[PDB]
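Remarks on the structure that follows.
With ideal geometry, Cβ positions are generated from the backbone for all residues, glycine too; neighbour counts draw on all protein chains shown. Every number here is computed from the coordinates shown, using simple stated rules; none is lab data.
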Amino acid sequence: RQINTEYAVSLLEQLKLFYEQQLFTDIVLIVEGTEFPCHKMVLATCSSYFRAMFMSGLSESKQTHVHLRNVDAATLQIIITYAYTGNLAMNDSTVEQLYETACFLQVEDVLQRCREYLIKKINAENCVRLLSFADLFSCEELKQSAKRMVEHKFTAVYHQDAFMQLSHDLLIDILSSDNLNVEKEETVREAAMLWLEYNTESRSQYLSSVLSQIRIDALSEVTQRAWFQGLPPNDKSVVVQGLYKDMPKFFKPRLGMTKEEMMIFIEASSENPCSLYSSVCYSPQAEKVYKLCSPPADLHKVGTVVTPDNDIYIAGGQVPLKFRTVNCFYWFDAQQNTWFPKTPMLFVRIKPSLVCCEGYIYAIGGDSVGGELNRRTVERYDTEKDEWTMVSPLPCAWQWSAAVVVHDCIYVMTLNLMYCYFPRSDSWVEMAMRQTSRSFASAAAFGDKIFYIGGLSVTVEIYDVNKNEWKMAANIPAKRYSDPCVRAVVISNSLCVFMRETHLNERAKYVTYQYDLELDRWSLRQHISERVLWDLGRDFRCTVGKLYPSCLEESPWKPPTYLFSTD
Amino acid sequence: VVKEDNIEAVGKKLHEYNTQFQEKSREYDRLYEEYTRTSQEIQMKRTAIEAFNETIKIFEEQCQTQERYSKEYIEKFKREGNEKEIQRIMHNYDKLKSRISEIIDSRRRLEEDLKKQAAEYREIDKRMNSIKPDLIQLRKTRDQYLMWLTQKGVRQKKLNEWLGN
Amino acid sequence: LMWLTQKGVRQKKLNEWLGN
Amino acid sequence: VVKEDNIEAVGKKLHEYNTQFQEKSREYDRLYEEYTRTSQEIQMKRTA
């Protein structure tokens, strides 16, 4: 039936008006001296606790004064304000006490809202505290989310004071999990040692349970260092995705010992012409084809941001016109390998160029043309506040401008107006630029001297920042004139490119190049074969970030050999 | 062409053979893809089993290192009447032996996986060896029919439309 | 042809050099 | 472009190659016509 909602809202606003002037107040709740007159029906039809307390037919339904203990006055006031309206005003300062009061009062709506709010607000500073909270209050979803977050950044959060005050079950369930993102077992060993020495008089009996969870006879990646590295070129990654899989889980190499440099191909293309905005991850070591889910809700024109902790992110976005410009934010995880929805921005960034300047992602322009107050708007990415504070905006429209941080100072070279993009002073001190006013200048983290190869015209200009000098190398080897499909990459902190200059058909000629700085010469690194690597585009996002091949969808879907000579 | 000259009937044959030929090329490149995936499968396995071998070797090295410890620094951990201090090599020995047993079982699992995948690969590898003479024979008959039957009033576009079905 | 046309030799210009 | 890939130079070479190729196709079909006329000639001379 179409239950009337027009009468429902008038009755609700009338009940609120009556409650504000204290009419028909039949119950009086006493919390730590403070009195609150209220109606029994509203508390019953909102909280299952009050419903059971009133429907019992005892003196609680007859006495007008009810003393509620272990309940905060502010939380009870917020609950009543929800009981008489339904809108919840939650904040990061009083969300845990509100959730405690709700679970003590059993308000399904408030409980679910606080649960989802805590889930969508797990950061790397409260992960352990929220995990302890969920363990104390038995919230399985929040507990699992906080456990995954701790496993993702264990080496960064095991120093917090909340980690040493954890219970025994939390320790034995965190250490036993094979999802610990640690490069060496010594980190987990020292974490267990500091945990057991934090409070010795109460944990002296748990030393056996502590030592039984740390893998000592694992010898994951040291045994390969003992015998030799003798294998096909860098085939240690194949052993990673082999020995790990088949393991009794007691000597298993932790997930952090599987993290290996991976080519995160965001908004990439595939052999299928329909999937021209899909995603195919690649390993520059094991030479294997993996699958990726770069588009979350078919979100295109986004901006990949890999943090130093290897956490790929996205900015702005564009859903297919139901392109419908959207702002839904998404964070690519590594353990679950999924995009996490969060607070949307105020400006739709069209394929933005952003980096973690000073460990802090900034929304360096990466928009369109039509107003400096609307587009080209550098913002800030509040990590713990999960907010998007606006900062000094980019003066002119600068598109296809690779954003590269240099000495904790963004040095984004534009068409022909480079500035001193400051991550602290937020100013545009015109920095040494060039004379070629062109964009499409591919550049990755190349250290002191950056190289903005590209111009759609592939001059390898040297970008000296310390000496503030301006030299030049040469050009990309081609024929009469090759097509500039420069894709500057940074594999394991190196000066390389993914030039896809199509020559003799074969989709695009994917040839990686070796850039010299001390010799300042011109060489070639590797040559990605087209037998597996099919159409991938000419200027698509190709970030490089350490990722687990075990968690990466292991799906090649690309037949190698073709063109049989049988005819 | 079974001594026929209806031209239209001879063309209908042409199409029937067209189907047979097309079906073959599809199964031919399918068998090629199977060959390639099986090749990379035994490659990923020959590397995993040699990794297993070298791990068993280094574990035997640790086993004899335990005997070396039974003469290096065991003098100050056995004559004192304590058992918790020796657990660093004594409780790390029995579980190492159990690890040896379970990785031997895992190696047997990988070996039976190898033989079963080799069986399921050779049961179709023999099909490749038998379908290729028939395939080239059908292609030779098609090429022979392309000299006479095609010159009896059929168009190249008609052949392409018969290639689609 | 995978070098001159790749540089920017328009097909119309190629026809002029193919016609003289 | 014979070690001269320099925009205008690369393209001027392309034109020289165009000439060379054109001269050949003309002499090629001319030699084909000569082949055909000589074929019919020896056929008429053998029937004679």
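Observations
- Alpha carbon Rg of the protein assembly as shown, scaled by the compact-globule rule 2.2 N^0.38 Å: 1.30
- Qualifying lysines (Cα of each under 17 Å from Cα of B:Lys97; at least 8 residues distant if same chain): A:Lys249, A:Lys252, B:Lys57
- Per-residue mean of C-beta atoms belonging to partner chains within 10 Å, peptide A:208-217: 2
- At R0 = 35 Å, FRET efficiency that the Cβ-Cβ distance of A:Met90 and A:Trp557 yields, to 0.05: 0.20
- Stokes-Einstein D for the stretch B:14-122, Kirkwood Rh over Cα pairs, 4 °C, 1.567 mPa s (µm²/s): 70
- GNM result for chain B, Cα springs below 10 Å: residue of B:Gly11, B:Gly81, B:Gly153 fluctuating most strongly: B:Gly81
- Sparse-neighbourhood loop sites, chymotrypsin sites (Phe, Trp or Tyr not before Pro) in the stretch A:85-127 - DSSP loop, at most 13 other Cβ within 10 angstrom: none
- Burial ordering of A:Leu563, B:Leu96, A:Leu547, fewest other beta-carbon atoms within 10 Å first: A:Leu563, B:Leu96, A:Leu547
- Sparse packing (at most 12 other Cβ atoms within 10 Å of the Cβ) combined with a DSSP loop state is found for the following GluC sites (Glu not before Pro) in the stretch A:1-77: A:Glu32.
- Point-charge dipole on Cβ atoms (K/R +1, D/E -1) for the stretch A:316-434, about Cα centre, debye to 20: 500
- Within chain B, longest stretch free of exposed trypsin sites (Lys or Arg not before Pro) [DSSP loop, at most 12 other beta carbons within 10 Å]: B:4-75
- GluC sites (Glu not before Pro) lying in DSSP loop within the stretch A:472-567, provided at most 10 other Cβ fall within 10 Å: A:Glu518
- Annotation: amide H-H contacts under 5 Å for A:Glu261 (H modelled 1.01 Å from N, sequence separation of 5 or more, or interchain): A:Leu547.
- Reachable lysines from B:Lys13, criterion Cα separation under 18 angstrom, eight or more residues apart if same chain: B:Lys3, B:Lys24, B:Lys140, B:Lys152, B:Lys157, B:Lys158
- Cα-Cα over 32 Å, subset of B:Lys45/B:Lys132; B:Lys45/B:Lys126; A:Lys291/B:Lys116; A:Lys143/A:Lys351: A:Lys143/A:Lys351
- Computed helical MRE - 222 nm, chain A, DSSP H runs ≥ 4 contributing -39500 (n - 2.57), nearest 500: -6500 deg cm²/dmol
- Rounded to the nearest 20 debye, the dipole size of the protein assembly as shown about its Cα centre is 3200 debye, using +1 on the Cβ of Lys and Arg and -1 on the Cβ of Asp and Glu.
- Neighbourhood net charge (14 Å Cβ-Cβ; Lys/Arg +1, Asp/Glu -1) for B:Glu102: +4
- Pair A:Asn493, A:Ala8: separation of 7 Å Cα→Cβ label points (nm): 5.9
- Using a Förster distance of 51 Å, the FRET efficiency for A:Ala432-B:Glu16 (Cβ separation, nearest 0.05): 0.10
- Farthest toward positive dipole pole in the protein assembly as shown [+1 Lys/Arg, -1 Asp/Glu at C-beta], among A:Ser437, B:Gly164, A:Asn87: B:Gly164
- 3J(HN,Hα) along the stretch A:407-417: 6, 6, 8, 4, 10, 7, 7, 8, 5, 8, 9 Hz, from the Karplus curve 6.51 cos²θ - 1.76 cosθ + 1.60 with θ = phi - 60°, whole Hz, x for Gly and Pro.
- Stretching B:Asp125 away from B:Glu8 to a fully extended chain increases their span by 38.2 nm, per 0.36 nm per residue minus the current alpha-carbon distance.
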